[PDB]
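Worksheet for the structure shown next.
Side-chain atoms are counted along with the backbone in the values below, which use heavy atoms only and exclude waters and symmetry mates. Just so we're on the same page: letters track the sequence lines, and every chain starts at 1.
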Amino acid sequence: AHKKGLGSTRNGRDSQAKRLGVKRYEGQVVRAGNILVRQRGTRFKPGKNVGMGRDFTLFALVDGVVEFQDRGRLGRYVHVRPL
Amino acid sequence: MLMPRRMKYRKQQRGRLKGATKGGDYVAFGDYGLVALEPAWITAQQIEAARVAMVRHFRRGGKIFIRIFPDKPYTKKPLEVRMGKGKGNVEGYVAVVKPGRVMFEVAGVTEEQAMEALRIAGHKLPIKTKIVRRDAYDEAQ
Amino acid sequence: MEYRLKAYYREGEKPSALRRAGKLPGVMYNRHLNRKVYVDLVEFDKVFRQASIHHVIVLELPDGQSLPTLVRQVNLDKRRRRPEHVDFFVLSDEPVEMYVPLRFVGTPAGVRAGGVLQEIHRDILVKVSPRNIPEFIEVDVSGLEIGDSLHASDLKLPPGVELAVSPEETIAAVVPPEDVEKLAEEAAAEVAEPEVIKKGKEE
Amino acid sequence: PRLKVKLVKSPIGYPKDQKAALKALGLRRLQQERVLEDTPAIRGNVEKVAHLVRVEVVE
Amino acid sequence: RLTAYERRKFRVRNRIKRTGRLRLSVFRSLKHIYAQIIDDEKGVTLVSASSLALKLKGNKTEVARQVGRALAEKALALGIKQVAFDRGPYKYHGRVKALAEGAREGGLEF
RNA sequence: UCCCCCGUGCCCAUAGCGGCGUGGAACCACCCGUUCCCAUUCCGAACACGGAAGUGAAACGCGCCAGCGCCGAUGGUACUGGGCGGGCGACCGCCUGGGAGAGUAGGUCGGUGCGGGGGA
RNA sequence: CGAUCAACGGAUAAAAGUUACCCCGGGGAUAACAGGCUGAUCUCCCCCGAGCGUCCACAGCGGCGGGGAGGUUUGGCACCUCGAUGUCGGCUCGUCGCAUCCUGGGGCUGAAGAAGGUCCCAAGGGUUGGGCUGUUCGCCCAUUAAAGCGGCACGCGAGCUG
RNA sequence: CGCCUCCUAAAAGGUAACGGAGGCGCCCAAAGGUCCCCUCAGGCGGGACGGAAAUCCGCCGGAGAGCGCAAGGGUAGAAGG
RNA sequence: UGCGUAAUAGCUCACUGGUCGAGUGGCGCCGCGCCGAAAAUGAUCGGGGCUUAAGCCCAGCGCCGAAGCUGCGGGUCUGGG
RNA sequence: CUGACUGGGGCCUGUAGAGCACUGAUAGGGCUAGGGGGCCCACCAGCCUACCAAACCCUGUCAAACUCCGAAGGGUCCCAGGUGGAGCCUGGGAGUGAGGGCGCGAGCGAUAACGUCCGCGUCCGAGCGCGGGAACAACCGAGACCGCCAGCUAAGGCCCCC
Ligand SMILES: NC(=[NH2+])NCCC[C@H](N)C(=O)O
Ligand SMILES: [Mg+2]
Ligand SMILES: [Mg+2]
Ligand SMILES: [Mg+2]
Ligand SMILES: [Mg+2]
Ligand SMILES: [Mg+2]
Ligand SMILES: [Mg+2]
Ligand SMILES: [Mg+2]
Ligand SMILES: [Mg+2]
Ligand SMILES: [Mg+2]
Ligand SMILES: [Mg+2]
Ligand SMILES: [Mg+2]
Ligand SMILES: [Mg+2]
Ligand SMILES: [Mg+2]
Ligand SMILES: [Mg+2]
Ligand SMILES: [Mg+2]
Ligand SMILES: [Mg+2]
Ligand SMILES: [Mg+2]
Ligand SMILES: [Mg+2]
Ligand SMILES: [Mg+2]
Ligand SMILES: [Mg+2]
Ligand SMILES: [Mg+2]
Ligand SMILES: [Mg+2]
Ligand SMILES: [Mg+2]
Ligand SMILES: [Mg+2]
Ligand SMILES: [Mg+2]
Ligand SMILES: [Mg+2]
Ligand SMILES: [Mg+2]
Ligand SMILES: [Mg+2]
Ligand SMILES: [Mg+2]
Ligand SMILES: [Mg+2]
Ligand SMILES: [Mg+2]
Ligand SMILES: [Mg+2]
Ligand SMILES: [Mg+2]
Ligand SMILES: [Mg+2]
Ligand SMILES: [Mg+2]
Ligand SMILES: [Mg+2]
Ligand SMILES: [Mg+2]
Ligand SMILES: [Mg+2]
Ligand SMILES: [Mg+2]
Ligand SMILES: [Mg+2]
Ligand SMILES: [Mg+2]
Ligand SMILES: [Mg+2]
Ligand SMILES: [Mg+2]
Ligand SMILES: [Mg+2]
Ligand SMILES: [Mg+2]
Ligand SMILES: [Mg+2]
Ligand SMILES: [Mg+2]
Ligand SMILES: [Mg+2]
Ligand SMILES: [Mg+2]
Ligand SMILES: [Mg+2]
Ligand SMILES: [Mg+2]
Ligand SMILES: [Mg+2]
Ligand SMILES: [Mg+2]
Ligand SMILES: [Mg+2]
Ligand SMILES: [Mg+2]
Ligand SMILES: [Mg+2]
Ligand SMILES: [Mg+2]
Ligand SMILES: [Mg+2]
Ligand SMILES: [Mg+2]
Ligand SMILES: [Mg+2]
Ligand SMILES: [Mg+2]
Ligand SMILES: [Mg+2]
Ligand SMILES: [Mg+2]
Ligand SMILES: [Mg+2]
Ligand SMILES: [Mg+2]
Ligand SMILES: [Mg+2]
Ligand SMILES: [Mg+2]
Ligand SMILES: [Mg+2]
Ligand SMILES: [Mg+2]
Ligand SMILES: [Mg+2]
Ligand SMILES: [Mg+2]
Ligand SMILES: [Mg+2]
Ligand SMILES: [Mg+2]
Ligand SMILES: [Mg+2]
Ligand SMILES: [Mg+2]
Ligand SMILES: [Mg+2]
Ligand SMILES: [Mg+2]
Ligand SMILES: [Mg+2]
Ligand SMILES: [Mg+2]
Ligand SMILES: [Mg+2]
Ligand SMILES: [Mg+2]
Ligand SMILES: [Mg+2]
Ligand SMILES: [Mg+2]
Ligand SMILES: [Mg+2]
Ligand SMILES: [Mg+2]
Ligand SMILES: [Mg+2]
Ligand SMILES: [Mg+2]
Ligand SMILES: [Mg+2]
Ligand SMILES: [Mg+2]
Ligand SMILES: [Mg+2]
Ligand SMILES: [Mg+2]
Ligand SMILES: [Mg+2]
Ligand SMILES: [Mg+2]
Ligand SMILES: [Mg+2]
Ligand SMILES: [Mg+2]
Ligand SMILES: [Mg+2]
Ligand SMILES: [Mg+2]
Ligand SMILES: [Mg+2]
Ligand SMILES: [Mg+2]
Ligand SMILES: [Mg+2]
Ligand SMILES: [Mg+2]
Ligand SMILES: [Mg+2]
Ligand SMILES: [Mg+2]
Ligand SMILES: [Mg+2]
Ligand SMILES: [Mg+2]
Ligand SMILES: [Mg+2]
Ligand SMILES: [Mg+2]
Ligand SMILES: [Mg+2]
Ligand SMILES: [Mg+2]
Ligand SMILES: [Mg+2]
Ligand SMILES: [Mg+2]
Ligand SMILES: [Mg+2]
Ligand SMILES: [Mg+2]
Ligand SMILES: [Mg+2]
Ligand SMILES: [Mg+2]
Ligand SMILES: [Mg+2]
Ligand SMILES: [Mg+2]
Ligand SMILES: [Mg+2]
Ligand SMILES: [Mg+2]
Ligand SMILES: [Mg+2]
Ligand SMILES: [Mg+2]
Ligand SMILES: [Mg+2]
Ligand SMILES: [Mg+2]
Ligand SMILES: [Mg+2]
Ligand SMILES: [Mg+2]
Ligand SMILES: [Mg+2]
Ligand SMILES: [Mg+2]
Ligand SMILES: [Mg+2]
Ligand SMILES: [Mg+2]
Ligand SMILES: [Mg+2]
Ligand SMILES: [Mg+2]
Ligand SMILES: [Mg+2]
Ligand SMILES: [Mg+2]
Ligand SMILES: [Mg+2]
Ligand SMILES: [Mg+2]
Ligand SMILES: [Mg+2]
Ligand SMILES: [Mg+2]
Ligand SMILES: [Mg+2]
Ligand SMILES: [Mg+2]
Ligand SMILES: [Mg+2]
Ligand SMILES: [Mg+2]
Ligand SMILES: [Mg+2]
Ligand SMILES: [Mg+2]
Ligand SMILES: [Mg+2]
Ligand SMILES: [Mg+2]
Ligand SMILES: [Mg+2]
Ligand SMILES: [Mg+2]
Ligand SMILES: [Mg+2]
Ligand SMILES: [Mg+2]
Ligand SMILES: [Mg+2]
Ligand SMILES: [Mg+2]
Ligand SMILES: [Mg+2]
Ligand SMILES: [Mg+2]
Ligand SMILES: [Mg+2]
Ligand SMILES: [Mg+2]
Ligand SMILES: [Mg+2]
Ligand SMILES: [Mg+2]
Ligand SMILES: [Mg+2]
Ligand SMILES: [Mg+2]
Ligand SMILES: [Mg+2]
Ligand SMILES: [Mg+2]
Ligand SMILES: [Mg+2]
Ligand SMILES: [Mg+2]
Ligand SMILES: [Mg+2]
Ligand SMILES: [Mg+2]
Ligand SMILES: [Mg+2]
Ligand SMILES: [Mg+2]
Ligand SMILES: [Mg+2]
Ligand SMILES: [Mg+2]
Ligand SMILES: [Mg+2]
Ligand SMILES: [Mg+2]
Ligand SMILES: [Mg+2]
Ligand SMILES: [Mg+2]
Ligand SMILES: [Mg+2]
Ligand SMILES: [Mg+2]
Ligand SMILES: [Mg+2]
Ligand SMILES: [Mg+2]
Ligand SMILES: [Mg+2]
Ligand SMILES: [Mg+2]
Ligand SMILES: [Mg+2]
Ligand SMILES: [Mg+2]
Ligand SMILES: [Mg+2]
Ligand SMILES: [Mg+2]
Ligand SMILES: [Mg+2]
Ligand SMILES: [Mg+2]
Ligand SMILES: [Mg+2]
Ligand SMILES: [Mg+2]
Ligand SMILES: [Mg+2]
Ligand SMILES: [Mg+2]
Ligand SMILES: [Mg+2]
Ligand SMILES: [Mg+2]
Ligand SMILES: [Mg+2]
Ligand SMILES: [Mg+2]
Ligand SMILES: [Mg+2]
Ligand SMILES: [Mg+2]
Ligand SMILES: [Mg+2]
Ligand SMILES: [Mg+2]
Ligand SMILES: [Mg+2]
Ligand SMILES: [Mg+2]
Ligand SMILES: [Mg+2]
Ligand SMILES: [Mg+2]
Ligand SMILES: [Mg+2]
Ligand SMILES: [Mg+2]
Ligand SMILES: [Mg+2]
Ligand SMILES: [Mg+2]
Ligand SMILES: [Mg+2]
Ligand SMILES: [Mg+2]
Ligand SMILES: [Mg+2]
Ligand SMILES: [Mg+2]
Ligand SMILES: [Mg+2]
Ligand SMILES: [Mg+2]
Ligand SMILES: [Mg+2]
Ligand SMILES: [Mg+2]
Ligand SMILES: [Mg+2]
Ligand SMILES: [Mg+2]
Ligand SMILES: [Mg+2]
């Protein structure tokens, strides 16, 4: 019977989710190498005993305890307090 | 009739209609107002019929303030098509209106003139309405 | 004039209980005091519709005290268009910012020509002594045509009262009226379709 | 003191975490009564299922 | 609006304090030169030396060098050895450089 | 331990903008030079060196002022975890716990650690 | 190092159509009929009263807009039925709804009379014969008080036609 | 039809529809490493040819510029020159 | 002010005089109802039938009511004796 | 003894709401480049505008792909309660990979569908066993080991059917 023609959608695309965010929260015991934050750019900055990778990934340089610090206009920092 | 001159996006999701009006709940300009008593998408056609009805009752004189604007695109699929194949086409524009919103205000006109013009205007809208007069409460806002 | 209003003290009563008993909840404050009050709604409404942040309201309290206040803020229930809470600002001896009613004297020549006087500001914000509060401020608008305007820089202020807004702020204007003769112009006025802001490689 | 907790309304149809709260209190049949110590951790589960339960202070 | 001076200083010193060493900060006025060895974890100065405090002679470059030796001698008697040089807003050159060379002659390790 | 200054941190504008005033003994700066080190896509402006006649004009430091900026309650409301009702619906209420944002009152022309020089 | 193995976890090194001559296994997991849910569309009824009607908003009309009802249209959905629920139109036989075509009773009229217009009540009965076309419908001829519209699986193929 | 960005996504992560919008299948021998130096867009005023916009000067101007290319995050106390 | 004439005239509203002798006219909000309300086999709130209810709103006391809970007896498994 | 769940403590978050500081939208007024038009002019300027109107300002608003703000909650770690047909490790055996209704949060649809597609929860599925809802998988009540001519209640009821 009378079925009308249709168009289509120029959309339908999206990329895979990237599983970003903080991975260890303040007060968690971590080992050297433990990734602490996954992020685009420096939403968090590396503090004491924390390195940063080429993709802004924050990881622990020593065994210890994660600590967060908000320094106002200077940004938010992730530290690792040695045990 | 009213619609945005430009926009960032052609089509908007539908959203909800919960709650009292966000702002625009007090008489801000004229002497009398027409307040929405229930929520709705008010169409640009409805606003223009409401405006013309007040202009025609005034003949010459007075001032109408339209305090809602239809910026929300209204979408409808072409007739006799099935579900799917993308979002419908924009057929018109609506203003979201929630209870307590002052949609129109009038000034420069007698009380009897305003009462009657706001009444005829209210008959063109898909919702119940109230006529109000500027108050000290309005002024203290 | 000088209005009076009985006020009462409240500690942990719930606002919805007070409002269900016909009482408007409120607060009293200045740099020295802050007290939770309530007034009677029908009593407050009788006074406020006249006094209205413009004129002084004296609060008679149950401890015998009486305090001269300005209504500083009225919170309205947006659904029902009803006051739900009042702020009473207890006046001291220093000056105070406040709104003094504007009073437009005379009929504009524009209004005679068919125009409409748009009272943009119906009061004006001002620093004045709480022993100096004028009833109003007259403004002659009889020389305004369509479309002239008046600003706060044209306010002839009484003595003791200093303007607390920018002198460039518009207070009144006389605008053209609604005209049915314009309708057919606006009806047969085609307005082109909305443009959508270019996104991506085309901008 | 202690809490006497009586299950008086069935958890059928209620979210599973409320069913777990009853298991943490040891309440498994209707009209069952348990006398539990009054600590903040036991009290948090009693309050969680307060709409199912009848409480009394005892001892 | 930061100045080129303040930007140069922040930039040089952030990089220094990243390495976690005690910093040898150097302030060079038109007349005098000054040095502090600073623990940035405690925000605390450990040993000082300057021309003004040693009431030192004429030629600013040799004065700077003697300031460095003086700082070294007092530093070692406290156990300090390794350090990071903080030229701050100045080029590594002349007076600052002399003070650094003078610190190294005295056994400060950097 | 108190006051001034010079370094250098911390809190992250209650610390800022603007206006006004103030300081050169000391310190700092401008300053005096461009031989020497070093330097300018040109320029001793900057960077750098050697100085010491002058000036606190610029900068900096220290006061005062609330026009701006920044901060900002109390009260009440929105919203809501959990618990219940109502409406054919769009949606609307009650209980208990939590509770903004805007705005009002008001606050602010910074506070503090360490070392160094000077002063009493 | 050689991949638009881009159908991008990439069947072969190497591949297109057609079937109304079709066949088997399955599915009401999925379409066409009919029902159902829905009611956009459809049909009908209202609200507002701009403006028409010489005069006069409302005899008769009703700009722009607003609210419903029905479930006869075209669809949406895919819920019973694909181990079968025969599908248009006609004939025959009815029966029901009423939003009434006629006949009966009314109000208003821009109702002199006669004849109309419009709305209200009313479903008892009645509602013709032909030309065309498969037609339903529609147009036309000749009449008529009138030549109503819909539902019943677009009523009725274990009743006929085809 | 694989991949990237945003939204839908209900403040962890994840989350569908033939839902709403865009991009990729490259590039760079510097557009890479390090050291040193430098700071934007924009507004106003001034300046031959010279203009809305070329280059010059002054004041204001915390980031609205820039970062090869979509979008987002990030960023001058540099990732920009 | 309404009704009328092409206009006219009119009767009249607003209006003021007298009689009468105490209330009258106009908004607005709340509870419960009225109309708006037409569809196809025979109707109906489940039926009968119900009106200071056997309806609706507020406040109570008692009872009825399941294979839920208790009492009594039994089985089986698990845990402890 | 590590579990679901719960107490306290820390950290992470950008939704509800709100807001307009950014990106856009936006009504009116003010101020004001640029145009339209009007006197005056070509000799290059000048005045006037109830015209359209950028920027800016005021008042008042809008936003999934806006955010100067921003909850309730949610997540995760630590310590504590929690002995449960809890949890963890290794290995044997599967079945399932057509879901469905309802509540709430959205998208799609038409602020349609016993519609459709996700999220949190629930029940049916497998509790078409039991009471209530006239009847009725998923609404209310409640998790049926067996027996009793015993008692108390739940939702719902207590004029008669009952
Ligand atoms: N935590 C709460 N009480 N939430 C209530 C949510 C709002 C609710 N629907 C009401 O209006 O009553
Ligand atoms: Mg069909
Ligand atoms: Mg179709
Ligand atoms: Mg396409
Ligand atoms: Mg898409
Ligand atoms: Mg793809
Ligand atoms: Mg993914
Ligand atoms: Mg996805
Ligand atoms: Mg993604
Ligand atoms: Mg995170
Ligand atoms: Mg690296
Ligand atoms: Mg890199
Ligand atoms: Mg901390
Ligand atoms: Mg630390
Ligand atoms: Mg939607
Ligand atoms: Mg609509
Ligand atoms: Mg739509
Ligand atoms: Mg679609
Ligand atoms: Mg659509
Ligand atoms: Mg429309
Ligand atoms: Mg609204
Ligand atoms: Mg209406
Ligand atoms: Mg406001
Ligand atoms: Mg009132
Ligand atoms: Mg591009
Ligand atoms: Mg229950
Ligand atoms: Mg149970
Ligand atoms: Mg239940
Ligand atoms: Mg729960
Ligand atoms: Mg939970
Ligand atoms: Mg039980
Ligand atoms: Mg109880
Ligand atoms: Mg200092
Ligand atoms: Mg410190
Ligand atoms: Mg000033
Ligand atoms: Mg100064
Ligand atoms: Mg001096
Ligand atoms: Mg001197
Ligand atoms: Mg030379
Ligand atoms: Mg020489
Ligand atoms: Mg020089
Ligand atoms: Mg120099
Ligand atoms: Mg000299
Ligand atoms: Mg000076
Ligand atoms: Mg001076
Ligand atoms: Mg300096
Ligand atoms: Mg002060
Ligand atoms: Mg803050
Ligand atoms: Mg605030
Ligand atoms: Mg509060
Ligand atoms: Mg809730
Ligand atoms: Mg609903
Ligand atoms: Mg609450
Ligand atoms: Mg509370
Ligand atoms: Mg909030
Ligand atoms: Mg606040
Ligand atoms: Mg300040
Ligand atoms: Mg300091
Ligand atoms: Mg000191
Ligand atoms: Mg000292
Ligand atoms: Mg492609
Ligand atoms: Mg494939
Ligand atoms: Mg292939
Ligand atoms: Mg690929
Ligand atoms: Mg894949
Ligand atoms: Mg292969
Ligand atoms: Mg192959
Ligand atoms: Mg081969
Ligand atoms: Mg092939
Ligand atoms: Mg073949
Ligand atoms: Mg053939
Ligand atoms: Mg064929
Ligand atoms: Mg053939
Ligand atoms: Mg054949
Ligand atoms: Mg054959
Ligand atoms: Mg053949
Ligand atoms: Mg064959
Ligand atoms: Mg077959
Ligand atoms: Mg087969
Ligand atoms: Mg078969
Ligand atoms: Mg399938
Ligand atoms: Mg089908
Ligand atoms: Mg079909
Ligand atoms: Mg079919
Ligand atoms: Mg059929
Ligand atoms: Mg069908
Ligand atoms: Mg059937
Ligand atoms: Mg239906
Ligand atoms: Mg309908
Ligand atoms: Mg319907
Ligand atoms: Mg329709
Ligand atoms: Mg109707
Ligand atoms: Mg009418
Ligand atoms: Mg006419
Ligand atoms: Mg007439
Ligand atoms: Mg007319
Ligand atoms: Mg009519
Ligand atoms: Mg119409
Ligand atoms: Mg409609
Ligand atoms: Mg309709
Ligand atoms: Mg039907
Ligand atoms: Mg049908
Ligand atoms: Mg129906
Ligand atoms: Mg269909
Ligand atoms: Mg159909
Ligand atoms: Mg279909
Ligand atoms: Mg089916
Ligand atoms: Mg389905
Ligand atoms: Mg079939
Ligand atoms: Mg068979
Ligand atoms: Mg069969
Ligand atoms: Mg058969
Ligand atoms: Mg029939
Ligand atoms: Mg009838
Ligand atoms: Mg008839
Ligand atoms: Mg008749
Ligand atoms: Mg006649
Ligand atoms: Mg007749
Ligand atoms: Mg008739
Ligand atoms: Mg009638
Ligand atoms: Mg009949
Ligand atoms: Mg009959
Ligand atoms: Mg008939
Ligand atoms: Mg015929
Ligand atoms: Mg024939
Ligand atoms: Mg013939
Ligand atoms: Mg025939
Ligand atoms: Mg025919
Ligand atoms: Mg035909
Ligand atoms: Mg024809
Ligand atoms: Mg005849
Ligand atoms: Mg007849
Ligand atoms: Mg039929
Ligand atoms: Mg049909
Ligand atoms: Mg059909
Ligand atoms: Mg049939
Ligand atoms: Mg038929
Ligand atoms: Mg048949
Ligand atoms: Mg047959
Ligand atoms: Mg047949
Ligand atoms: Mg048959
Ligand atoms: Mg048959
Ligand atoms: Mg038969
Ligand atoms: Mg045949
Ligand atoms: Mg034959
Ligand atoms: Mg997401
Ligand atoms: Mg998201
Ligand atoms: Mg998320
Ligand atoms: Mg994960
Ligand atoms: Mg597709
Ligand atoms: Mg593409
Ligand atoms: Mg290069
Ligand atoms: Mg510039
Ligand atoms: Mg210029
Ligand atoms: Mg020129
Ligand atoms: Mg230029
Ligand atoms: Mg940028
Ligand atoms: Mg009715
Ligand atoms: Mg009674
Ligand atoms: Mg029983
Ligand atoms: Mg049992
Ligand atoms: Mg026995
Ligand atoms: Mg037993
Ligand atoms: Mg047993
Ligand atoms: Mg067992
Ligand atoms: Mg344990
Ligand atoms: Mg654990
Ligand atoms: Mg917990
Ligand atoms: Mg929102
Ligand atoms: Mg904005
Ligand atoms: Mg604002
Ligand atoms: Mg919204
Ligand atoms: Mg919003
Ligand atoms: Mg969003
Ligand atoms: Mg948002
Ligand atoms: Mg603010
Ligand atoms: Mg804040
Ligand atoms: Mg939280
Ligand atoms: Mg979430
Ligand atoms: Mg938590
Ligand atoms: Mg969890
Ligand atoms: Mg926590
Ligand atoms: Mg434990
Ligand atoms: Mg189990
Ligand atoms: Mg298990
Ligand atoms: Mg086996
Ligand atoms: Mg399997
Ligand atoms: Mg399977
Ligand atoms: Mg499968
Ligand atoms: Mg599946
Ligand atoms: Mg399926
Ligand atoms: Mg599903
Ligand atoms: Mg499931
Ligand atoms: Mg069902
Ligand atoms: Mg649902
Ligand atoms: Mg509900
Ligand atoms: Mg939904
Ligand atoms: Mg969605
Ligand atoms: Mg609708
Ligand atoms: Mg479904
Ligand atoms: Mg649904
Ligand atoms: Mg839905
Ligand atoms: Mg489900
Ligand atoms: Mg199954
Ligand atoms: Mg069940
Ligand atoms: Mg189950
Ligand atoms: Mg069964
Ligand atoms: Mg049964
Ligand atoms: Mg049942
Ligand atoms: Mg039943
Ligand atoms: Mg029954
Ligand atoms: Mg059942
Ligand atoms: Mg059992
Ligand atoms: Mg009993
Ligand atoms: Mg009961
Ligand atoms: Mg009954
Ligand atoms: Mg009985």
Side-chain angles (χ1 to χ4, degrees), chain A residues 1-2 8-9 11-12 15 17 19 21-22 25-28 40-43 68 71-74, chain B residues 4 6-9 11-14 17-18 23-24 28-29 38-39 41 45-46 48-50 52-53 56 65-67 69 71 76-77 79-80 82-87 120 123-126, chain C residues 15 25 27 29-31 34 36 72-73 75 84-85 87 89 118 120 146-147 149 169-170 173 176 197 199-201, chain D residues 10 12-13 15 17 20-21 23-24 30-31 39-42 44-45 48 51, chain E residues 4 7 10-11 14 25 27 29-30 34 36 38 40 43-45 48 50 52-53 91 93-94:
Chain A
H2 317 325
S8 75
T9 270
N11 316 310
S15 59
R19 279 79 168 167
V22 172
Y25 307 97
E26 185 171 283
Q28 286 194 250
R40 296 294 171 259
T42 186
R43 293 180 47 100
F68 283 68
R71 302 191 66 202
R73 46 154 193 122
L74 293 177
Chain B
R6 306 188 311 144
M7 46 241 307
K8 277 165 90 189
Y9 302 108
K11 298 175 191 186
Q12 282 182 0
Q13 287 154 352
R14 292 176 164 85
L17 284 187
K18 45 217 202 320
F29 299 106
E38 48 193 2
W41 294 347
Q45 287 85 347
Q46 289 163 357
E48 180 69 354
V52 166
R56 190 94 57 171
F65 303 79
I66 298 177
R67 295 188 68 199
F69 187 92
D71 60 340
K76 193 171 179 175
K77 281 172 92 50
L79 300 197
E80 311 223 340
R82 298 178 168 193
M83 311 294 100
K85 279 75 193 172
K87 187 162 174 73
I120 305 181
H123 282 272
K124 313 290 188 181
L125 306 178
Chain C
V27 70
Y29 48 71
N30 54 26
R31 340 200 249 107
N34 184 286
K36 297 179 291 181
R72 205 50 160 200
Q73 193 177 267
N75 283 355
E84 53 188 28
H85 188 256
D87 281 19
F89 183 38
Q118 242 203 267
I120 286 157
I146 319 164
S149 53
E169 185 101 12
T170 315
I197 289 153
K199 207 278 190 68
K201 285 189 156 184
Chain D
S10 172
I12 300 164
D17 58 341
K23 169 185 300 299
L30 274 200
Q31 315 315 136
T39 75
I42 294 173
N45 267 329
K48 197 186 167 65
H51 59 291
Chain E
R7 278 193 295 274
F10 277 138
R11 155 159 51 79
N14 291 323
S25 198
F27 177 64
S29 54
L30 289 173
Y34 310 77
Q36 303 173 59
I38 305 172
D40 305 282
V44 147
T45 301
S48 346
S50 64
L52 178 80
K91 177 175 178 178
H93 182 77

Protein within reach of the bases, or only the backbone? For nucleotides 82-88 of chain J, mark each nucleotide 5' to 3' as B, S or -, using heavy atoms under 4.0 Å. S-SSS--
Go along nucleotides 114-120 of chain F 5' to 3' and tag each nucleotide: B for a protein heavy atom under 4.0 Å from its base, S when only backbone or sugar atoms are that close, - otherwise. BSSS---
List, with names and distances, any nitrogen or oxygen atoms from the protein found under 3.5 Å away from nitrogen or oxygen atoms belonging to nucleotides 77-81 of chain H.
{"residue": "H:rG77", "atom": "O6", "partner": "A:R73", "partner atom": "NH1", "Å": "2.6"}
{"residue": "H:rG77", "atom": "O6", "partner": "A:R73", "partner atom": "NH2", "Å": "3.0"}
{"residue": "H:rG77", "atom": "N2", "partner": "E:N14", "partner atom": "OD1", "Å": "3.0"}
{"residue": "H:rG77", "atom": "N3", "partner": "E:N14", "partner atom": "ND2", "Å": "3.4"}

Checking A:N11 now: which residues fulfil side-chain contact (heavy atoms from CB on, under 4.5 Å) with it, not counting sequence neighbours?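 Listed in chain order: A:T9.
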Counting only Watson-Crick or G-U wobble pairs whose two distances fall under 3.5 Å, which nucleotide matches F:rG61?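 Result: F:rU22.
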Nucleotide paired to J:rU59 in any strand shown, Watson-Crick or G-U, under 3.5 Å: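 Its partner is J:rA27.
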Results of salt bridge (charged side-chain N to carboxylate O under 4.0 Å, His left out) for [X] - residues two or more places apart only:
{"X": "B:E48", "value": "B:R51"}
{"X": "B:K11", "value": "none"}
{"X": "E:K91", "value": "none"}
{"X": "C:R31", "value": "C:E94"}

Rounded to whole Å, how long is the line connecting atom CD of B:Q13 with atom P of J:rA63?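 From B:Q13 CD to J:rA63 P: 14 Å.
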In whole angstrom, give the distance that lies between atom OH of C:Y29 and atom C1' of F:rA105.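 For the pair C:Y29 OH and F:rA105 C1', the rounded distance is 6 Å.
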Pick out the pairs of N or O atoms, protein on one side and nucleotides 69-74 of chain J on the other, that lie under 3.5 Å.
none

Could you tell me if the side chain of D:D17 sits less than 4.5 Å from the side chain of D:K48, heavy atoms only?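 A side-chain contact exists here, since the closest heavy-atom pair is under 4.5 Å.
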Return the polar atom pairs (N/O with N/O) between nucleotides 22-26 of chain H and the protein under 3.5 Å, or none.
{"residue": "H:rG22", "atom": "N7", "partner": "A:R13", "partner atom": "NH2", "Å": "2.8"}
{"residue": "H:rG22", "atom": "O6", "partner": "A:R13", "partner atom": "NE", "Å": "2.8"}
{"residue": "H:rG23", "atom": "OP1", "partner": "C:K201", "partner atom": "N", "Å": "2.8"}
{"residue": "H:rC24", "atom": "OP1", "partner": "C:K201", "partner atom": "NZ", "Å": "2.8"}

Give me the first and last nucleotide of RNA chain G, going 5' to 3', that has any atom under 4.0 Å from a heavy atom of chain B.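 In short, chain B contacts RNA chain G from G:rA40 to G:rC77.
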For the base of F:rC37, is there a side-chain donor-acceptor partner from E:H93 under 3.5 Å away?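 Check passes, donor-acceptor contact within cut-off.
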Judged by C1'-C2'-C3'-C4' (positive north, negative south), is the sugar of J:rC43 north or south?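 The J:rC43 sugar sits on the south side, the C2'-endo region.
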With a 4.0 Å cutoff (strictly under), does any side-chain N or O of B:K18 reach OP1 or OP2 of F:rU80?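 For F:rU80, OP1/OP2 do not have a side-chain N/O of B:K18 under 4.0 Å.
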Taking N or O atoms only and anything under 3.5 Å, show me the protein contacts with nucleotides 141-145 of chain J, one pair per line.
{"residue": "J:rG141", "atom": "OP1", "partner": "D:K9", "partner atom": "NZ", "Å": "2.8"}
{"residue": "J:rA142", "atom": "OP1", "partner": "D:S10", "partner atom": "N", "Å": "3.0"}
{"residue": "J:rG143", "atom": "OP2", "partner": "D:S10", "partner atom": "OG", "Å": "2.8"}

